[PDB]
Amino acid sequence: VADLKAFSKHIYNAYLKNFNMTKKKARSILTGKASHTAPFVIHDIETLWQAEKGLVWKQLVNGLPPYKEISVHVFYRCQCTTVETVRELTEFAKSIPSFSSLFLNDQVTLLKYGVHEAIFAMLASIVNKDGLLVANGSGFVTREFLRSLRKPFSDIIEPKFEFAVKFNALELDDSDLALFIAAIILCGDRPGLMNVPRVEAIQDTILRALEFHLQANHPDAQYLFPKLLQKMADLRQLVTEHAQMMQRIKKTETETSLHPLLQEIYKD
């Protein structure tokens, strides 16, 4: 048990070193306790335009694919963030010694099949029932606005809110999440994995570490560990549905570009 604390703290440090925003930072912004200035609320076309003229985005607008329409534009911003988060997750995983010890092709397999599950878990951190943070916490896009986008773009967004609000009710902190996300990435079930026994062994250790961490950090929280195992299963279903919806976008939205890295993740 005492051995897992060291293991856990290293994973937490990898998390702190590699992710742009913590849940702690996100919730302070969402509750209006973080700074002297509040996020700019994006809730319609006019405010989206004002945000693109005003807020500082990690990805410059000029850099996005040529403009098509509002729903597609919002989709392109979603892809921006997805790809950036894949980069952060890759570095997080590499800051974990037992992941970096795997052959590079298994690293790629784990990331390919794990990153969307991790993304949608981490998404909950910047979400509340009314919308989500964008542009490093400088903006807040309302759930209502995102609902108003045309199908298929509104359809691919709303189920993530449904998941997030339920996930946030578990009240995990950043140290819980670091272990949770590591367990999603270090998953021995992924297709085409070469060294399955090594990955299963690492996953098992992470989950033992997660169990012990939760007993210490959430001493009154009954059933939290099994609840999180179930959330892992729920994320797999969420990502299956997500991938199906992405296949439909590829089929029916032929004018919409998909980022080369995401094409490789979704290469069927």
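Whichever C-alpha set is largest while still superposing within 1.5 Å between the two forms counts as the rigid core. The numbering used is simple: start at 1 and walk along the sequence shown.
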Positional deviation of Cα atoms in 7 other deposited structures of this protein after core superposition, greater for 212 to 220 or 66 to 74: 66 to 74
Between 22 to 30 and 49 to 57, the one whose CA atoms sit farther away in 7 other deposited structures of this protein (rigid core aligned): 49 to 57
No coordinates for residue 36 in a third or more of the other PDB entries: yes
Higher-scoring stretch by recorded Cα B factor average, 221 to 229 or 201 to 209: 221 to 229
Greater mean Cα temperature factor according to the PDB record, 168 to 176 or 118 to 126: 168 to 176
Candidate residues 247, 256, 22, 18, the one whose C-alpha B factor the record puts highest: 22
Out of 159, 131, 97, 139, highest CA B-factor residue: 97
Residue 46 CA temperature factor, ranked by third within the chain: middle
Modelled-residue ranking by C-alpha temperature factor, third containing residue 53: highest
Entry-reported Cα temperature factor of residue 82, expressed as the chain third it lands in: lowest
Modelled-residue ranking by C-alpha temperature factor, third containing residue 59: highest
Where the record places residue 190 (Cα B-factor, split into thirds across the chain): middle
